[PDB]
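Asks: Contents of protein33.pdb (PDB, C-alpha atoms):
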ATOM      1  CA  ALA A  22      71.753 105.373 102.002  1.00  0.00           C
ATOM      2  CA  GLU A  23      74.878 103.986 100.345  1.00  0.00           C
ATOM      3  CA  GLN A  24      75.675 100.650  98.738  1.00  0.00           C
ATOM      4  CA  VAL A  25      78.428  98.312  99.846  1.00  0.00           C
ATOM      5  CA  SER A  26      79.813  95.024  98.576  1.00  0.00           C
ATOM      6  CA  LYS A  27      79.607  91.699 100.436  1.00  0.00           C
ATOM      7  CA  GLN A  28      83.119  92.474 101.649  1.00  0.00           C
ATOM      8  CA  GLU A  29      81.833  95.430 103.667  1.00  0.00           C
ATOM      9  CA  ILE A  30      78.482  93.792 104.476  1.00  0.00           C
ATOM     10  CA  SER A  31      79.936  90.702 106.140  1.00  0.00           C
ATOM     11  CA  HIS A  32      82.823  92.628 107.718  1.00  0.00           C
ATOM     12  CA  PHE A  33      80.914  95.503 109.314  1.00  0.00           C
ATOM     13  CA  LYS A  34      77.949  93.176 109.872  1.00  0.00           C
ATOM     14  CA  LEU A  35      74.790  94.538 108.266  1.00  0.00           C
ATOM     15  CA  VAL A  36      71.199  93.366 108.785  1.00  0.00           C
ATOM     16  CA  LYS A  37      68.733  93.106 105.886  1.00  0.00           C
ATOM     17  CA  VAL A  38      65.312  94.696 106.341  1.00  0.00           C
ATOM     18  CA  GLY A  39      63.910  93.767 102.957  1.00  0.00           C
ATOM     19  CA  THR A  40      64.545  93.553  99.232  1.00  0.00           C
ATOM     20  CA  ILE A  41      63.685  96.364  96.827  1.00  0.00           C
ATOM     21  CA  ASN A  42      63.071  96.251  93.100  1.00  0.00           C
ATOM     22  CA  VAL A  43      63.153  99.315  90.889  1.00  0.00           C
ATOM     23  CA  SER A  44      61.241  98.599  87.702  1.00  0.00           C
ATOM     24  CA  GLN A  45      61.094 101.576  85.369  1.00  0.00           C
ATOM     25  CA  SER A  46      59.403 101.438  81.990  1.00  0.00           C
ATOM     26  CA  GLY A  47      61.802 103.023  79.532  1.00  0.00           C
ATOM     27  CA  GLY A  48      63.909 106.097  80.156  1.00  0.00           C
ATOM     28  CA  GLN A  49      62.453 106.682  83.607  1.00  0.00           C
ATOM     29  CA  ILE A  50      66.003 106.171  84.816  1.00  0.00           C
ATOM     30  CA  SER A  51      68.570 108.110  82.822  1.00  0.00           C
ATOM     31  CA  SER A  52      71.771 108.260  84.857  1.00  0.00           C
ATOM     32  CA  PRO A  53      73.153 106.456  87.977  1.00  0.00           C
ATOM     33  CA  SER A  54      71.920 109.517  89.871  1.00  0.00           C
ATOM     34  CA  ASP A  55      68.339 108.491  89.036  1.00  0.00           C
ATOM     35  CA  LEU A  56      69.042 104.886  89.969  1.00  0.00           C
ATOM     36  CA  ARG A  57      70.622 105.631  93.354  1.00  0.00           C
ATOM     37  CA  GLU A  58      67.974 108.266  94.103  1.00  0.00           C
ATOM     38  CA  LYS A  59      65.175 105.720  93.797  1.00  0.00           C
ATOM     39  CA  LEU A  60      67.259 103.058  95.526  1.00  0.00           C
ATOM     40  CA  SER A  61      67.794 105.275  98.566  1.00  0.00           C
ATOM     41  CA  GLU A  62      64.130 106.311  98.511  1.00  0.00           C
ATOM     42  CA  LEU A  63      63.014 102.683  98.687  1.00  0.00           C
ATOM     43  CA  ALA A  64      65.829 101.613 101.014  1.00  0.00           C
ATOM     44  CA  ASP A  65      64.897 104.415 103.408  1.00  0.00           C
ATOM     45  CA  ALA A  66      61.260 103.348 103.040  1.00  0.00           C
ATOM     46  CA  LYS A  67      62.307  99.964 104.408  1.00  0.00           C
ATOM     47  CA  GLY A  68      64.253 101.935 106.990  1.00  0.00           C
ATOM     48  CA  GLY A  69      67.664 100.750 105.892  1.00  0.00           C
ATOM     49  CA  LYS A  70      70.823 102.830 105.641  1.00  0.00           C
ATOM     50  CA  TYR A  71      72.620 100.587 103.178  1.00  0.00           C
ATOM     51  CA  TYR A  72      71.788  98.589 100.083  1.00  0.00           C
ATOM     52  CA  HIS A  73      73.375  96.323  97.504  1.00  0.00           C
ATOM     53  CA  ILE A  74      72.234  95.748  93.936  1.00  0.00           C
ATOM     54  CA  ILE A  75      72.102  91.982  93.479  1.00  0.00           C
ATOM     55  CA  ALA A  76      70.562  92.045  90.015  1.00  0.00           C
ATOM     56  CA  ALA A  77      70.638  95.041  87.696  1.00  0.00           C
ATOM     57  CA  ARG A  78      69.027  93.688  84.565  1.00  0.00           C
ATOM     58  CA  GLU A  79      67.631  95.151  81.383  1.00  0.00           C
ATOM     59  CA  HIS A  80      64.191  93.701  80.699  1.00  0.00           C
ATOM     60  CA  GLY A  81      63.894  95.131  77.214  1.00  0.00           C
ATOM     61  CA  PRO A  82      62.452  98.648  77.565  1.00  0.00           C
ATOM     62  CA  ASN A  83      61.836  98.061  81.272  1.00  0.00           C
ATOM     63  CA  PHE A  84      64.791  98.430  83.613  1.00  0.00           C
ATOM     64  CA  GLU A  85      64.708  96.297  86.760  1.00  0.00           C
ATOM     65  CA  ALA A  86      67.172  97.003  89.552  1.00  0.00           C
ATOM     66  CA  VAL A  87      66.909  94.471  92.368  1.00  0.00           C
ATOM     67  CA  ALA A  88      68.744  95.385  95.567  1.00  0.00           C
ATOM     68  CA  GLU A  89      68.787  94.242  99.186  1.00  0.00           C
ATOM     69  CA  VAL A  90      68.237  96.842 101.898  1.00  0.00           C
ATOM     70  CA  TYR A  91      70.605  96.704 104.851  1.00  0.00           C
ATOM     71  CA  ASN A  92      70.097  98.520 108.126  1.00  0.00           C
ATOM     72  CA  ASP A  93      72.505  99.490 110.876  1.00  0.00           C
ATOM     73  CA  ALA A  94      72.150  97.301 113.975  1.00  0.00           C
ATOM     74  CA  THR A  95      69.982  99.694 115.990  1.00  0.00           C
ATOM     75  CA  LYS A  96      66.519  98.310 115.323  1.00  0.00           C
ATOM     76  CA  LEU A  97      64.206  96.303 117.544  1.00  0.00           C
ATOM     77  CA  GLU A  98      60.496  95.731 118.244  1.00  0.00           C
ATOM     78  CA  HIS A  99      58.103  98.197 116.655  1.00  0.00           C
ATOM     79  CA  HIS A 100      55.260  97.647 119.103  1.00  0.00           C
ATOM     80  CA  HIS A 101      52.104  98.487 117.174  1.00  0.00           C
ATOM     81  CA  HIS A 102      50.052  95.436 116.174  1.00  0.00           C
ATOM     82  CA  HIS A 103      46.699  97.218 116.180  1.00  0.00           C
ATOM     83  CA  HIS A 104      44.611  99.434 118.456  1.00  0.00           C
TER      84      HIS A 104
ATOM     85  CA  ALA O  22      84.355 109.105  93.767  1.00  0.00           C
ATOM     86  CA  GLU O  23      81.544 106.643  94.467  1.00  0.00           C
ATOM     87  CA  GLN O  24      81.534 102.852  94.660  1.00  0.00           C
ATOM     88  CA  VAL O  25      79.319 101.170  92.095  1.00  0.00           C
ATOM     89  CA  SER O  26      78.286  97.562  91.572  1.00  0.00           C
ATOM     90  CA  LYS O  27      80.091  95.339  89.070  1.00  0.00           C
ATOM     91  CA  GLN O  28      76.830  95.149  87.130  1.00  0.00           C
ATOM     92  CA  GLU O  29      76.649  98.946  86.934  1.00  0.00           C
ATOM     93  CA  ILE O  30      80.224  99.110  85.649  1.00  0.00           C
ATOM     94  CA  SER O  31      79.341  96.587  82.961  1.00  0.00           C
ATOM     95  CA  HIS O  32      75.985  98.204  82.142  1.00  0.00           C
ATOM     96  CA  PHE O  33      77.235 101.776  81.819  1.00  0.00           C
ATOM     97  CA  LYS O  34      80.606 100.666  80.408  1.00  0.00           C
ATOM     98  CA  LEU O  35      83.295 102.214  82.582  1.00  0.00           C
ATOM     99  CA  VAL O  36      86.922 102.350  81.496  1.00  0.00           C
ATOM    100  CA  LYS O  37      89.396 100.616  83.787  1.00  0.00           C
ATOM    101  CA  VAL O  38      91.676 103.387  85.019  1.00  0.00           C
ATOM    102  CA  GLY O  39      93.789 101.287  87.355  1.00  0.00           C
ATOM    103  CA  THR O  40      94.000  99.555  90.712  1.00  0.00           C
ATOM    104  CA  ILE O  41      94.248 101.125  94.170  1.00  0.00           C
ATOM    105  CA  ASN O  42      95.334  99.273  97.295  1.00  0.00           C
ATOM    106  CA  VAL O  43      94.894 100.520 100.827  1.00  0.00           C
ATOM    107  CA  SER O  44      97.264  98.450 102.937  1.00  0.00           C
ATOM    108  CA  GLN O  45      97.263  99.740 106.507  1.00  0.00           C
ATOM    109  CA  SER O  46      98.411  98.323 109.840  1.00  0.00           C
ATOM    110  CA  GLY O  47      95.219  99.534 111.495  1.00  0.00           C
ATOM    111  CA  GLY O  48      94.399 102.922 112.979  1.00  0.00           C
ATOM    112  CA  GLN O  49      94.364 104.601 109.573  1.00  0.00           C
ATOM    113  CA  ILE O  50      91.181 102.723 108.695  1.00  0.00           C
ATOM    114  CA  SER O  51      88.531 101.888 111.283  1.00  0.00           C
ATOM    115  CA  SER O  52      85.322 102.990 109.614  1.00  0.00           C
ATOM    116  CA  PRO O  53      84.233 102.668 105.946  1.00  0.00           C
ATOM    117  CA  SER O  54      84.143 106.465 106.119  1.00  0.00           C
ATOM    118  CA  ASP O  55      87.946 106.409 106.475  1.00  0.00           C
ATOM    119  CA  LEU O  56      88.327 103.928 103.647  1.00  0.00           C
ATOM    120  CA  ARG O  57      86.002 105.896 101.354  1.00  0.00           C
ATOM    121  CA  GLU O  58      88.059 109.094 101.462  1.00  0.00           C
ATOM    122  CA  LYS O  59      91.199 107.043 100.870  1.00  0.00           C
ATOM    123  CA  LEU O  60      89.745 105.146  97.915  1.00  0.00           C
ATOM    124  CA  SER O  61      88.226 108.307  96.449  1.00  0.00           C
ATOM    125  CA  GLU O  62      91.571 110.071  96.906  1.00  0.00           C
ATOM    126  CA  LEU O  63      93.622 107.401  95.151  1.00  0.00           C
ATOM    127  CA  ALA O  64      90.973 107.058  92.440  1.00  0.00           C
ATOM    128  CA  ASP O  65      90.894 110.814  91.858  1.00  0.00           C
ATOM    129  CA  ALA O  66      94.687 110.865  91.662  1.00  0.00           C
ATOM    130  CA  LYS O  67      94.558 108.405  88.757  1.00  0.00           C
ATOM    131  CA  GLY O  68      91.601 110.244  87.273  1.00  0.00           C
ATOM    132  CA  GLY O  69      88.587 108.115  88.049  1.00  0.00           C
ATOM    133  CA  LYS O  70      85.127 109.014  89.320  1.00  0.00           C
ATOM    134  CA  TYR O  71      84.020 105.504  90.214  1.00  0.00           C
ATOM    135  CA  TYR O  72      85.612 102.604  92.057  1.00  0.00           C
ATOM    136  CA  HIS O  73      84.762  99.121  93.284  1.00  0.00           C
ATOM    137  CA  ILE O  74      86.210  97.137  96.171  1.00  0.00           C
ATOM    138  CA  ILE O  75      87.066  93.743  94.730  1.00  0.00           C
ATOM    139  CA  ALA O  76      88.916  92.429  97.769  1.00  0.00           C
ATOM    140  CA  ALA O  77      88.804  93.888 101.258  1.00  0.00           C
ATOM    141  CA  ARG O  78      91.094  91.340 102.856  1.00  0.00           C
ATOM    142  CA  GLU O  79      92.082  91.309 106.507  1.00  0.00           C
ATOM    143  CA  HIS O  80      95.517  89.747 106.988  1.00  0.00           C
ATOM    144  CA  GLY O  81      96.130  90.061 110.695  1.00  0.00           C
ATOM    145  CA  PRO O  82      96.811  93.703 111.622  1.00  0.00           C
ATOM    146  CA  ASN O  83      97.360  94.504 107.952  1.00  0.00           C
ATOM    147  CA  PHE O  84      94.072  95.364 106.316  1.00  0.00           C
ATOM    148  CA  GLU O  85      94.372  95.348 102.543  1.00  0.00           C
ATOM    149  CA  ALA O  86      91.548  97.064 100.715  1.00  0.00           C
ATOM    150  CA  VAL O  87      91.898  96.445  97.013  1.00  0.00           C
ATOM    151  CA  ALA O  88      89.647  98.523  94.800  1.00  0.00           C
ATOM    152  CA  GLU O  89      89.790  99.247  91.095  1.00  0.00           C
ATOM    153  CA  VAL O  90      89.253 102.641  89.512  1.00  0.00           C
ATOM    154  CA  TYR O  91      86.704 103.192  86.762  1.00  0.00           C
ATOM    155  CA  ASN O  92      85.733 106.279  84.795  1.00  0.00           C
ATOM    156  CA  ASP O  93      84.011 107.280  81.569  1.00  0.00           C
ATOM    157  CA  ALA O  94      86.031 108.093  78.450  1.00  0.00           C
ATOM    158  CA  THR O  95      87.081 111.643  79.314  1.00  0.00           C
ATOM    159  CA  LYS O  96      90.824 111.062  78.943  1.00  0.00           C
ATOM    160  CA  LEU O  97      93.064 112.242  76.110  1.00  0.00           C
ATOM    161  CA  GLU O  98      96.630 111.654  74.922  1.00  0.00           C
ATOM    162  CA  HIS O  99      99.032 114.252  76.274  1.00  0.00           C
ATOM    163  CA  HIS O 100     101.557 116.196  74.215  1.00  0.00           C
ATOM    164  CA  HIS O 101     103.455 116.608  77.479  1.00  0.00           C
ATOM    165  CA  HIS O 102     105.796 113.641  77.028  1.00  0.00           C
ATOM    166  CA  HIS O 103     108.796 115.600  78.286  1.00  0.00           C
ATOM    167  CA  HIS O 104     109.574 118.477  75.932  1.00  0.00           C
TER     168      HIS O 104
END
Could you write out this structure as structure tokens?
Replies:
Amino acid sequence: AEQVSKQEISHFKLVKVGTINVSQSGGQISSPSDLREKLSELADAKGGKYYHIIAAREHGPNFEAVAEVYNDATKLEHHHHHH
Amino acid sequence: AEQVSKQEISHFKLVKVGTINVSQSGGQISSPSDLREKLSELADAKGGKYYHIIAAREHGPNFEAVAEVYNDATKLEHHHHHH
């Protein structure tokens, strides 16, 4: 999973699966490597291949990275419902 | 070189290394994968590890991808002025 700007998003046409928020109390995130690693983990959890951090804010000791998860246009009905 | 968000640049404090423009008449750039290696190339040439697309503008057949190069303070004055 990689992140792109609105320029790429609206040009290559990406679909949003959901919005992720990485809230880490203190030095749980040290470098951008940590940040992107958790971003991709959560983005991939949504099923998306792309993401974009809309709000990377510093809530005191707690770091909150809010990003939107974008998927490639290859998704359709997940017929499950229930048994 | 990776593309980071403007908030990341401002949160980690990245030094502005310069500007890189990919102005192609098509063919050279079709996928973001093409553009990435170009941007990373030009950024690496200037000596940056990060970049951000600030304007991916499509003017007819001429696609202009304007990104700016950012890197941490790992530069030094050179005693290689000329001789």
Asks: Please report as a tab-separated table every residue of chain O lying within 12 Å of chain A, along with the nearest atom pair and their distance in Å (one decimal), using only C-alpha atoms.
Replies:
residue	atom	partner	partner_atom	distance
O:23	CA	A:23	CA	9.3
O:24	CA	A:24	CA	7.5
O:25	CA	A:24	CA	7.6
O:26	CA	A:74	CA	6.7
O:27	CA	A:74	CA	9.3
O:28	CA	A:77	CA	6.2
O:29	CA	A:77	CA	7.2
O:30	CA	A:53	CA	10.5
O:31	CA	A:77	CA	10.0
O:32	CA	A:77	CA	8.3
O:33	CA	A:53	CA	8.7
O:51	CA	A:33	CA	10.1
O:52	CA	A:33	CA	8.7
O:53	CA	A:29	CA	8.0
O:54	CA	A:23	CA	11.2
O:56	CA	A:29	CA	10.7
O:57	CA	A:25	CA	10.8
O:71	CA	A:53	CA	11.1
O:72	CA	A:25	CA	11.4
O:73	CA	A:26	CA	8.3
O:74	CA	A:26	CA	7.2
O:75	CA	A:28	CA	8.1
O:76	CA	A:28	CA	7.0
O:77	CA	A:28	CA	5.9
O:78	CA	A:28	CA	8.1
O:79	CA	A:32	CA	9.4
O:84	CA	A:32	CA	11.7
O:85	CA	A:28	CA	11.6
O:86	CA	A:28	CA	9.6
O:87	CA	A:28	CA	10.7
O:88	CA	A:26	CA	11.1
Asks: If chain O is superposed onto chain A by least squares using every Cα atom in order, what is the RMSD, in Å to one decimal?
Replies: 0.8 Å
Asks: So, counting all atoms listed in the file, which residue among O:38, O:69, O:46, O:95 is closest to residue O:81?
Replies: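 Using all atoms listed in the file, residue O:81 sits closest to O:46.
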Asks: Using all atoms listed in the file, find all polymer residues with an atom at most 9 Å away from the point (61.5, 104.5, 77.9); report them as number ranges by chain.
Replies: A: 45-50, 82-84
Asks: In Å, how far is it from atom CA of residue A:103 to atom CA of residue A:41?
Replies: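 Taking atom CA of residue A:103 and atom CA of residue A:41, their separation equals 25.8 Å.
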Asks: Would you compute the box with edges along x, y and z of the file around stretch 53-61 of chain A, including every atom the file lists for it and 6 Å extra on each side, and give its centre and edge lengths in Å to one decimal, as JSON?
Replies:
{"center_x": 69.2, "center_y": 106.3, "center_z": 93.3, "size_x": 20.0, "size_y": 18.5, "size_z": 22.6}
Asks: Using all atoms listed in the file, which of O:104, O:67, O:80, O:59 sits nearest residue O:43?
Replies: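 Closest to residue O:43, using all atoms listed in the file: O:59.
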Asks: Mind pulling up the distance from atom CA of residue O:22 to atom CA of residue O:96?
Replies: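 That distance, rounded to one decimal, is 16.3 Å.
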Asks: Evaluating the PyMOL selection byres ((chain A and resi 68) around 9) on the displayed file yields which residues, as number ranges by chain?
Replies: A: 38, 63-67, 69-70, 90-92
